[PDB]
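From first to last, the protein sequence lines are chains L and Y.
Its first residue numbered 3, the first sequence is counted upward by one per residue in the UniProt record's numbering.
Its first residue numbered 3, the second sequence is counted upward by one per residue in the UniProt record's numbering.
Backbone N, C-alpha and C define an ideal beta-carbon position, used for all residues, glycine too.
2 protein chains.
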Amino acid sequence: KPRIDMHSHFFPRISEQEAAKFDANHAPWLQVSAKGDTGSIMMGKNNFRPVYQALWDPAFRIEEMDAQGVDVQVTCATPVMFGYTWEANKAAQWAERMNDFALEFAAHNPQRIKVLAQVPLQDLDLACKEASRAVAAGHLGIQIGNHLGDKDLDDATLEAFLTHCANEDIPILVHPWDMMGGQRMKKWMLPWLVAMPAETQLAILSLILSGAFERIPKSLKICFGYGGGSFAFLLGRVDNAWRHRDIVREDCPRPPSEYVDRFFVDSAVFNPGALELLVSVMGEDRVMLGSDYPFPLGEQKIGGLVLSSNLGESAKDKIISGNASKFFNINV
Amino acid sequence: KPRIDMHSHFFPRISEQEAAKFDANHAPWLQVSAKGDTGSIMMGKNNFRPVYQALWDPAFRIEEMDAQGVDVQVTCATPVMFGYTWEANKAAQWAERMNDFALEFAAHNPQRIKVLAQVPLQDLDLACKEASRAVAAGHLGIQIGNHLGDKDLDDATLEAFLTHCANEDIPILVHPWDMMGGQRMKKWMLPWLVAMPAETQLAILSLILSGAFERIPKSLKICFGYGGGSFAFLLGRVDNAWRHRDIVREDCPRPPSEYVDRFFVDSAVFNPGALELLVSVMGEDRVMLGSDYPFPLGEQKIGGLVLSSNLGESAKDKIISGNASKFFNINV
Ligand SMILES: [Fe+3]
Ligand SMILES: [Fe+3]
């Protein structure tokens, strides 16, 4: 039964001078070492993130895919690539480049590497153009940040985007980015451990409590990275809020727990017990295998947590294969 | 078999005339209505927060305890009473009276209503003796906000504040306030559902990943509110990042999950699976029973979630009674 990892990232071959053509210092580019096994993602003239070959080089990535026993990998842009804050034409031009770079990457092996597209999400019209064009060009769906500055997914622009994709049977993966906190989580990767889960939970709850799921067609295929943050665990607090205060219930007609059937989440939660609570809340039909490859905080043995757990026979195949197969309509 | 609820709040009988002796601009005061069953917390002249009798009336509170099954109850100040932004000598006096009004509330019935004190935490020195006075005065411990502005618990002054408390054996309850978010979480009580649990997790992670537990004595008795937020669910992700990045690891010599035997959490998690995970992570000797009385979002039937769960009879006694009895020094 072919293992599918749906959460993985790539970054293309962009030079410093090319990035500068979009933005002096907000546009990302890749610095590769001369040997070319290691390198670093660069913000203007500034070190952003240390990385290795599997991120840019498809040939290298394929061996590591064999090594982990991963047949098909659905990879997407690095959240830093989004450029949601720039001028729309510059960001729309950017997204066409990146999504093409992505097809170029997967040309190496169409059968085993699948790509998701990015969109200039600050401008609804250019975003809908890109979403459609890129799926036409071969992408299996779209990856978007969880918020545009102070605009959460409850915002009419982000709804109208999701409504678009639902109507065109385009699947969406939502990745947290540009985390809250300001000047509080500077040390020990706290952004990744505190805010990122809260960001994702806020994404989920923005749709639930705003009554977004009532307005959006039930045919939308939407997924949340990293086990939907800390949603599942705090769900009971949400339901309690919903029942005992009216301002929590105004725009939401059903108990918030009833909306678990309207979205998906991936398996990356790094704990046996958290995974078992996840499947208790989400159901075996709504969890997919994501690893966050090939970043240091991604599950280093892909499928490790799932394959070693004590869940259904059917359920295990579902999470590692069955669910991701329908969701992205990959040829099984 | 004595039920102890250790997470509850009060507000005192403060006339604006006694409020103005400190401030008529930020210093909050109590407005008792017609009947005398609804009241209001006023911010000098305007309406901050409306509440019902149970918050300010001890006599009424006793009766609702009697109806609820609660035999002993530990109550602490409401977050708006903290004024950690105020001048160190203003707050040192303001806090002294707030803990006096506290003790006046507890005076009615000391056997059953116990009190915890607030401090001018923005000044270590002023806050330190204030704790000692209040404990010598009748309070069983102290209550602090999780963070002071951009200063989290990884801060030396705070760490020293906790070290003062460990030394002089004063137990602490940490309560999230003034939530992160900026201009984002506006409708549906999102600050209280997303930000709040994230604050508490951060407070816990701040001590663990900084290595603060390597310096603070094992004798510190410190509790985190609301089940430690999303800590227990996300602990696996923190262990995984520790294992895979050197910056996460640098100031924390043991794995993060090792430190769960250094603090306590309350049981306000509103979900039976969340609770069993919480106990699985922390242990039955480290969980205490909290309701967050009398706020609407606090548990309706105090203890309901514990008593209707799959835990050891032995285990339910420790949560309901045992642990709170050792932790606070309450004659059963
Ligand atoms: Fe990722
Ligand atoms: Fe509280």
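Does DSSP classify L155 of chain Y as helix, strand or coil?
Looking at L155 of chain Y - three-state DSSP - the assignment turns out to be coil, as it is neither helix nor strand.
Counting only Cβ pairs nearer than 7 Å, list the residues of chain Y close to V53 of chain L.
Below the 7 Å Cβ cutoff, chain Y contributes no neighbours of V53 of chain L, its closest Cβ being approximately 13 Å away.
Kindly indicate if chain Y contains any beta-carbon less than 8 Å away from that of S282 of chain L.
It does: the Cβ of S282 of chain L has a partner Cβ on chain Y nearer than 8 Å.
Start and end of the alpha helix (DSSP H) containing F233 of chain L?
Run containing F233 of chain L: 233-246, per the alpha helix (DSSP H) assignment.
Close-in-space but distant-in-sequence residues of the same chain around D102 of chain L (CB under 8 Å, 5 per side omitted):
Excluding the 5 residues flanking it on each side, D102 of chain L has same chain C-beta neighbours closer than 8 Å at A139, in chain order.
By the DSSP assignment, the alpha helix (DSSP H) with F12 of chain Y in it spans what residues?
Per DSSP, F12 of chain Y lies in no alpha helix (DSSP H) segment; the continuous beta strand (DSSP E) that holds it begins and ends at 6-12.
List the endpoints of the continuous beta strand (DSSP E) containing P193 of chain Y.
Neither: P193 of chain Y is in no beta strand (DSSP E) and is coded neither H nor E.
Chain-ordered neighbours of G238 of chain Y on chain L, where CB pairs are closer than 7 Å
Chain L residues near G238 of chain Y: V271, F272, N273, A276.
Please name the residue in Y:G71, Y:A21, Y:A104, Y:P257 whose C-alpha comes closest to that of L57 of chain Y.
Proximity to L57 of chain Y across Y:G71, Y:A21, Y:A104, Y:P257 peaks at Y:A104, based on C-alpha coordinates.
Tell me whether the beta-carbon of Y228 of chain L lies closer than 8 Å to the beta-carbon of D268 of chain L.
In contact: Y228 of chain L and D268 of chain L (Cβ atoms closer than 8 Å).
Out of L:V308, L:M45, L:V72, which one is the CA nearest neighbour of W31 of chain L?
Nearest option by C-alpha distance: L:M45.
For ligand 1, I want to know if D294 of chain L counts as a neighbour, meaning its beta carbon is within less than 7 Å of at least one of the ligand's heavy atoms.
Yes, since a heavy atom of ligand 1 falls inside the 7 Å radius drawn around the Cβ of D294 of chain L.
Establish whether the CB of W179 of chain Y and some CB of chain L are separated by less than 8 Å.
Chain L, which has no Cβ nearer than 8 Å to the Cβ of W179 of chain Y, makes this no.
Residue from L:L237, L:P298, L:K220 with nearest C-alpha to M284 of chain L
Looking from the CA of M284 of chain L, the closest CA among L:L237, L:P298, L:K220 belongs to L:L237.
Mind listing the chain Y neighbours of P60 of chain L? Cutoff is C-beta to C-beta under 8 Å, in chain order.
Residues of chain Y with a Cβ closer than 8 Å to the Cβ of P60 of chain L do not exist; the shortest Cβ-Cβ separation is about 24 Å.
Counting only C-beta atoms, is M191 of chain Y closer than 8 Å to chain L at any point?
So, interface residue.
Residues in the region 234-262 of chain L with C-beta within 8 Å of chain Y's C-beta atoms, listed in sequence order?
Under the 8 Å Cβ criterion, the region 234-262 of chain L contributes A234, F235, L236, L237, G238, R239, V240, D241, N242, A243, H246, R247, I249, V250, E252, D253, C254.
Do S212 of chain L and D241 of chain L have their beta-carbon atoms positioned less than 8 Å apart in this structure?
For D241 of chain L and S212 of chain L, no; Cβs fall outside 8 Å.
Quick one: list the residues of chain L neighbouring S10 of chain Y, beta-carbon separation under 8 Å, in chain order.
The contacting residues do not exist; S10 of chain Y stays about 16 Å from chain L at best.
Spell out a yes or no on whether the region 314-330 of chain L and the region 304-316 of chain Y are touching, meaning 3 or more CB-CB pairs, one atom from each, closer than 8 Å.
Too few Cβ pairs lie closer than 8 Å, so no.
Please report the straight-line C-alpha distance between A162 of chain L and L277 of chain L, rounded to a whole angstrom.
The straight-line gap from Cα to Cα measures roughly 32 Å.
Could you tell me the alpha carbon to alpha carbon distance between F329 of chain L and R135 of chain L, rounded to whole angstroms?
If you take the alpha carbons of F329 of chain L and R135 of chain L, they lie about 20 Å apart.
Inter-residue spacing [alpha-carbon to alpha-carbon] between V176 of chain Y and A93 of chain L:
One C-alpha to the other measures close to 44 Å.
Which of the three DSSP states is assigned to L142 of chain Y in this structure?
In the displayed model, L142 of chain Y falls within coil according to three-state DSSP, outside both helix and strand.
Neighbour flag for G183 of chain L against chain Y, beta carbons, 8 Å:
For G183 of chain L, the nearest beta carbon of chain Y is closer than 8 Å to its own beta carbon.
In whole angstroms, what separates the C-alpha of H9 of chain L from that of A270 of chain Y?
The straight-line gap from Cα to Cα measures roughly 33 Å.
How many angstroms separate the CA atom of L299 of chain L from the CA atom of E252 of chain Y?
Near 16 Å, if we compare the C-alpha coordinates of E252 of chain Y and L299 of chain L.
Please name the residues in the region 102-124 of chain Y whose beta-carbon is closer than 7 Å to at least one beta-carbon of chain L, in chain order.
Here the close residues number zero.
Say the cut is 7 Å; is the CB of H149 of chain L nearer than that to a heavy atom of ligand 1?
Relative to the non-hydrogen atoms of ligand 1, the Cβ of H149 of chain L never comes closer than 7 Å to any of them.
Helix, strand or coil at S42 of chain Y [DSSP, three-state]
Residue state, collapsed to three classes: strand.
If the criterion is Cβ atoms closer than 8 Å, does the pair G147 of chain L and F84 of chain L meet it?
In contact: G147 of chain L and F84 of chain L (Cβ atoms closer than 8 Å).
Identify, in the order they occur along the chain, each residue of the same chain with its Cβ nearer than 6 Å to the Cβ of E18 of chain L, setting aside the five sequence neighbours on each side.
Correct list, in chain order: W31.
Hey, how far is the Cα of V137 of chain Y from the Cα of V82 of chain Y?
Approximately 22 Å between the Cα atoms of the pair.
If we ignore side chains and look at the alpha-carbon of each, how far apart do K303 of chain Y and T165 of chain L end up?
Counting only the Cα atoms, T165 of chain L lies some 41 Å from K303 of chain Y.
Inter-residue Cα distance where the pair is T80 of chain L and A109 of chain L:
Here the C-alpha atom of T80 of chain L lies approximately 19 Å from the C-alpha atom of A109 of chain L.
Helix or strand or just coil, what does DSSP make of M290 of chain L?
Here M290 of chain L sits in strand by DSSP.
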